[PDB]
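Report on the following structure.
Numbering (PDB author numbering), first residue to last: 73 to 203.
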């Protein structure tokens, strides 16, 4: 029925020690494309907590090209990724600046028909943000 024009909300948190990413995926093989990305952050003694449900029907974020993107965010284990049902937001602690540029460019290419709002905020001047 022309399927739905809405993507399942997703949540991904990366701090370093442990990783927290929950949501729903369309297939299982899809994990291999993303997982192959973790191989970059995978450290000795590192814990992983990712629970995704399979749903060959529910429209989800196409990470097929998340490697190039996620890989662009690898040098930052303190980054966050959020996808909505109409838009996608990007926010991560960047003690630098332009360092976020490459990250945004990578996402834009991956999700051009979706609104991307990448608003980095350097934790320094202002007080500690939300938990």
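Quick reminder that beta carbons are idealized off the backbone N, C-alpha and C, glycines included.
- Residue nearest to residue 88 within the set 136, 102, 151, 106 is 151 (criterion: CA-CA distance).
- The criterion of a C-beta distance shorter than 7 Å is not satisfied by residue 83 and residue 130.
- Within the region 86 to 173, the runs of alpha helix (DSSP H) that reach at least 4 residues and sit entirely inside it are, in chain order, 101 to 110, 138 to 144.
- Comparing alpha carbon positions, the residue from 189, 165, 178 closest to residue 203 is 165.
- In terms of Cβ geometry, residue 133 and residue 155 form a close pair [threshold 7 Å].
- In the displayed model, residue 181 falls within a helix according to three-state DSSP.
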